[PDB]
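Heavy-atom basis, side chains included; hydrogens, waters and symmetry copies ignored. All chains are named by letter (A, B, ...) in the order of the sequence lines, taking the proteins before the strands, and each is independently numbered beginning at 1.
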Amino acid sequence: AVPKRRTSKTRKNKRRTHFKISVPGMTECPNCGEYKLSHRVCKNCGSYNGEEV
Amino acid sequence: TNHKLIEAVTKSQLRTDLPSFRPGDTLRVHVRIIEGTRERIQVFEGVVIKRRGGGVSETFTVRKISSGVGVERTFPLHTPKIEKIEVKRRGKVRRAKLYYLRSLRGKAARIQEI
Amino acid sequence: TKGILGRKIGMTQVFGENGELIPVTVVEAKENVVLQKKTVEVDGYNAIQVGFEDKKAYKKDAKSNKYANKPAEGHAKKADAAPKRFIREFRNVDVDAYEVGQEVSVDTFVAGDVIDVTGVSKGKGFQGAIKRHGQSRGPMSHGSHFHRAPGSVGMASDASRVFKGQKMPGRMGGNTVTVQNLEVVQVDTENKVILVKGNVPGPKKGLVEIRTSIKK
Amino acid sequence: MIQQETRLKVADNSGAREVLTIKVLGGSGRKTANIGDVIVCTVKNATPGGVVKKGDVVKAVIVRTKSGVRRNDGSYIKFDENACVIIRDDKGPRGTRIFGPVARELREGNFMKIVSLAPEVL
Amino acid sequence: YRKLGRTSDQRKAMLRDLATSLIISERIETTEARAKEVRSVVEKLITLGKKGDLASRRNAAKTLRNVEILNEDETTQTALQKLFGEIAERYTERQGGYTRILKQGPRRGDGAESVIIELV
RNA sequence: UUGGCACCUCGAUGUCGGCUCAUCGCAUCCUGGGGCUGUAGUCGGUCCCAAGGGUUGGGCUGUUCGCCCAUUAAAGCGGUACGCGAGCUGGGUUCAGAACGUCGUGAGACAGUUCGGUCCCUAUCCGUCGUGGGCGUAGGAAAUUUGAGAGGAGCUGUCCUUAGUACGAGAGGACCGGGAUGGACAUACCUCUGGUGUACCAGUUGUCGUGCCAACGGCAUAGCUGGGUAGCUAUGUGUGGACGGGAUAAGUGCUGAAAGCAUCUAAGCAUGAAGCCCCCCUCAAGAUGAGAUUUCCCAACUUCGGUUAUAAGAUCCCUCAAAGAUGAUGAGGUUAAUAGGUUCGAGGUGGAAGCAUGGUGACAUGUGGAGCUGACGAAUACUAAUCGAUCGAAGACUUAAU
Ligand SMILES: [Mg+2]
Ligand SMILES: [Mg+2]
Ligand SMILES: [Mg+2]
Ligand SMILES: [Mg+2]
Ligand SMILES: [Mg+2]
Ligand SMILES: [Mg+2]
Ligand SMILES: [Mg+2]
Ligand SMILES: [Mg+2]
Ligand SMILES: [Mg+2]
Ligand SMILES: [Mg+2]
Ligand SMILES: [Mg+2]
Ligand SMILES: [Mg+2]
Ligand SMILES: [Mg+2]
Ligand SMILES: [Mg+2]
Ligand SMILES: [Mg+2]
Ligand SMILES: [Mg+2]
Ligand SMILES: [Mg+2]
Ligand SMILES: [Mg+2]
Ligand SMILES: [Zn+2]
């Protein structure tokens, strides 16, 4: 099977309505103030839950 | 255990007059035949080849050779239809399920006694 | 006409008066309370709303459904009851025989009652036509390249379409199912359990609704 | 669980030794028969001199099956073989003797003569 | 239990390798799913070590790898010896929970969630 | 159907039969209701209403057909590109090889036969089956819901009793009514019987290792073999098509004139099908006509139109499963048993290792229902569900009544 008609710009972009990524789930590190992924060690300062890793 | 509620509701179904036995033991099972209104006891004698399950669901199977034909009877261990069980002989075996006896006849199917 | 809510515990068996083996489902039906009374005048129809299985009280930073939220707590407090995990209406009962706030004990049913049991059937996820719809396979040999496919979905130019209702792969199970004319084998008031003869829909711990059987 | 093409031992002295099942009686599309059910069958093997001959189309009641049967009390009976008895139109056996044990379900089926002739009824 | 994208024999082998590596180094970087599977294996090994008897040592030998650990004092010991010595002594008073997992975030090459799993 | 015609398609509309999946018509095969009968009864014949459901396995043949075996209540007739090859097959038929009969001087040929003979395609659109997001439904929310609509289901045997009665010389043998139990089908479910059960237990071969013994590990389909938990499961266990109501069909009548009689029909009143509408099961307010009930939240600042972050609430992220492609759903997130670990069990396996004893030994016995054990039950914060962040109201106008 092959496309019977080409896909218009309108239709392609309607389809791509939901094709996107989201901002990461990130919060400011309580230790160093830099952003980090929640539930991950902070790479800037190496801290997690107030302790060094 | 099993679920506490299941055990609690099935506790009174369990019988306490059953002898200990293992697969390979020869049993005489006295079974109540209630044909019509007449009641009689028919004895089924055979080797225990299988015990499975737990609690009120437990079953066991006994195998016999009758007129040259193997016959297996499986009972709920706690069924009220068994008047009593007698352990006629303790067998010496090496495993829980004696399915290999189904394929053996005669001297090949003998169970060593303990 | 009676009704109660319970959780499916599991299956077991009981020996009947003649030694017959009776498969049963254990339903734990504790903590049923009439939360609301609906009437033709206010709501347009008669029913009792029953709440089943106390949950915990409202707390500030609740993160799960374990803790009642403020709307639910107000709704239950109006009946003077603790907040409940499951809430269902019974239209088949006589509303005049119940008071809001009343307990609904398993003792409302008696051994021998014929009942209908409603639940949500176990989910199976995405399933094919053979499993989901019970269709036949194609040949497994003799050159076949058709084993578990659903078969022809239509005809030709007439009708140049697939009709609605065509059976195709998709999510299976997880449906509301009523099994009619089961029987109450036993009621155990100490444990708050009802033994239902046979099997009922859903996984263990699933909500089940027991009603007096509609057909008689 | 006996279906078309299942072969069975004949547990009697009618002359038939082994039959092949042609039909399970008792409804349209009925796939399998068990103890106490009647089948149409053809005699594949016979003892010389018997009343029933090879190639006869006959009716038989199943008396033993490997599948066995389940009883209302949750007990079971199973046999090592599938065996049947050739019967007349009135459910009486064609032969004069029954061999091997038979299930009690024959009584509920009203095969009383076969049950009486059977050496053991279990 | 997880399959970890491997056949049964390969998964068993990888879990033995990971368990021995965690016993030796006391903390290792790996993927999240691997860490969640190996925590159970490692802690059951710890349980054997704490039991301490010869049957337990042989059961542990079924799982551990044959690896030599060079101590600071130029002395060597096997992973089995380390487990039934210092690790068991360490966790005598702790009832389960001998490992922890710390998420680190996706790595570059394939986006897998890197984690550190360590003893204690 | 066999044709006639040559209007679409020769910059291709795949052609017989079978398989899978159906769907529709009724001119009805069965089951339901009737009229007439050269209808005694049991059976039948013929016609009318009726499309709800149902309407079988095999032998032969490529076959469709057809015949045959054995059933069944019955084994319906047709349309859907002689339904369905971007769903399957490829036996026939319609390529190239070869051969027989036959025809032809021959090359060759034959709705004559014979043996052999490549079935491609990642779904763009509508359509269909599932499953999410947005906005709307004049505040923002959590639950419970009505049911406009829609879908599902809808079949039937045998036996017992009435009653060996009515009927019939006899043979035979009922209607109506009352019970029991099946076939097929559908659905849920794993207690039972079984299947599977690649991180459960055990036996065992060859070979390579852990230095050796002992005990173990790797590889040989999971090396092989005997068992087997949860889950998933049928052939297994339950349940269903029950009982009814309303209006009708063909009919059957009552009263009744037109038309002094007669007449079911004109007015009027009854009765009457598995069929229609309900009753039963499921979905359902995007039912834009967006419905209903209960509960929750409710202030400051304003260029005084309006805004604001917050509230109730819900998410992100995290531990998970009864849920699952992913979303979604559900159980949880320290004020916590959500998972892992740990402890105790269930079920499974079937007697660990070490030691001792008896044997020359292979082995056996004791210690000891031992040891082990994924998913199932219970307990326990030891590990991880940290610290955080985001979204989310202030309620338009008109009229009437109060
Ligand atoms: Mg294939
Ligand atoms: Mg069309
Ligand atoms: Mg291997
Ligand atoms: Mg012309
Ligand atoms: Mg073209
Ligand atoms: Mg008609
Ligand atoms: Mg019809
Ligand atoms: Mg066609
Ligand atoms: Mg096509
Ligand atoms: Mg061909
Ligand atoms: Mg030609
Ligand atoms: Mg060839
Ligand atoms: Mg099962
Ligand atoms: Mg089970
Ligand atoms: Mg080896
Ligand atoms: Mg190797
Ligand atoms: Mg090699
Ligand atoms: Mg020992
Ligand atoms: Zn930091």
Side-chain angles (χ1 to χ4, degrees), chain A residues 1-5 7 18 25 27-28 30 38-39 48-49, chain B residues 1-4 54 57 59 94-97, chain C residues 11-13 21 23-24 36 38 42-45 49 59 63-64 66 69-72 74-75 78 87 89 121 123 125-126 135-136 138-139 142-146 149-158 161-164 166 168-171 175-182 197-201 203-206 214-216, chain D residues 1 4 22-23 25-30 40 70 74 76, chain E residues 1 8 11-12 39-40 43 47 54-55 58 61-62 66 94-101:
Chain A
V2 309
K4 187 71 158 180
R5 304 282 312 125
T7 297
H18 299 282
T27 51
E28 172 178 324
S38 64
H39 289 91
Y48 185 70
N49 197 346
Chain B
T1 63
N2 198 6
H3 197 289
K4 309 305 179 72
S57 287
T59 62
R94 299 298 311 276
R95 63 198 63 258
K97 302 295 186 290
Chain C
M11 288 191 72
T12 190
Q13 53 185 51
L21 188 165
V24 301
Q36 184 175 349
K38 294 193 173 184
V42 176
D43 299 280
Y45 67 104
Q49 199 199 56
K59 72 176 184 181
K63 297 163 178 171
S64 303
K66 184 201 307 190
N69 61 33
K70 282 177 66 57
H75 175 73
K78 189 162 184 296
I87 303 182
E89 297 185 5
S121 64
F126 206 126
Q135 295 186 359
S136 306
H142 292 287
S144 166
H145 297 97
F146 187 110
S152 178
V153 298
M155 292 72 82
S157 287
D158 291 5
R161 71 204 182 90
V162 175
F163 293 155
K164 297 192 188 291
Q166 179 67 203
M168 285 177 160
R171 189 154 302 177
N175 313 294
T176 303
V177 173
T178 299
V179 186
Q180 296 187 315
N181 301 341
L182 302 185
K197 182 183 173 187
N199 31 43
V200 312
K204 289 178 281 196
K205 307 177 180 185
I214 191 67
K215 294 172 174 180
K216 286 195 173 189
Chain D
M1 273 181 60
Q4 292 185 203
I22 284 166
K23 194 61 52 174
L25 297 178
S28 170
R30 179 175 182 179
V40 183
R70 178 194 211 275
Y76 297 73
Chain E
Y1 50 84
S8 182
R11 180 170 55 262
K12 178 182 183 189
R39 72 189 161 166
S40 172
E43 294 186 21
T47 302
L54 176 66
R58 292 180 173 188
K62 299 187 181 168
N66 292 317
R94 187 178 293 267
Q95 301 171 341
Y98 312 123
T99 62
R100 68 163 57 84
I101 299 171

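- F:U329 and F:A321 make a Watson-Crick or G-U wobble pair, with both donor-acceptor distances under 3.5 Å.
- Nucleotides F:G241 and F:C125 fail the base-pair criterion, which asks for a Watson-Crick or G-U wobble arrangement whose two donor-acceptor distances both fall under 3.5 Å.
- For C:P71, whose side chain is taken as the heavy atoms from C-beta onward, the closest listed nucleotide among F:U124, F:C296, F:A375 is F:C296.
- Evaluation of the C1'-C2'-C3'-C4' torsion of F:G351 gives a negative value and hence a south sugar.
- The base of F:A215 engages F:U210 as a Watson-Crick or G-U wobble partner, both distances under 3.5 Å.
- Taking only side-chain nitrogens and oxygens, C:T176 never comes nearer than 4.0 Å to OP1 or OP2 of F:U282.
- Across all strands shown, F:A150 pairs with F:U282; the Watson-Crick or G-U wobble distances both stay below 3.5 Å.
- Because its glycosidic torsion is within 90° of 0, F:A381 is reported here as syn.
- A distance of about 46 Å separates the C1' atoms of F:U265 and F:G240, rounded to the whole Å.
- For F:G168 and F:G246, the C1' atoms lie 45 Å apart once the distance is rounded to whole Å.
- Nearest to the side-chain atoms of E:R94 among the listed nucleotides F:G238, F:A214, F:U383 stands F:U383.
- Proximity of E:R100 to the phosphate of F:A384: a side-chain N or O atom is located under 4.0 Å from OP1 or OP2.
- With its glycosidic angle within 90° of 0, F:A12 is assigned syn.
- Side-chain nitrogen and oxygen atoms of C:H145 include at least one within less than 4.0 Å of the OP1 or OP2 phosphate oxygen of F:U89.
- Each of C:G138 and E:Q95 was assigned the nucleotide of RNA chain F with the nearest heavy atom; the assignment lying further toward the 5' end belongs to C:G138.
- Nucleotide F:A27 carries a south-puckered sugar, as indicated by a negative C1'-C2'-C3'-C4' torsion.
- For C:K205, the listed nucleotide lying nearest its side chain is F:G377; candidates were F:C84, F:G332, F:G377.
- With both pairing distances under 3.5 Å, F:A202 is matched to F:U225 as a Watson-Crick or G-U wobble pair.
- When every heavy atom of C:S144 is checked against every heavy atom of C:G138, the shortest pair comes out as OG-C, 4.4 Å.
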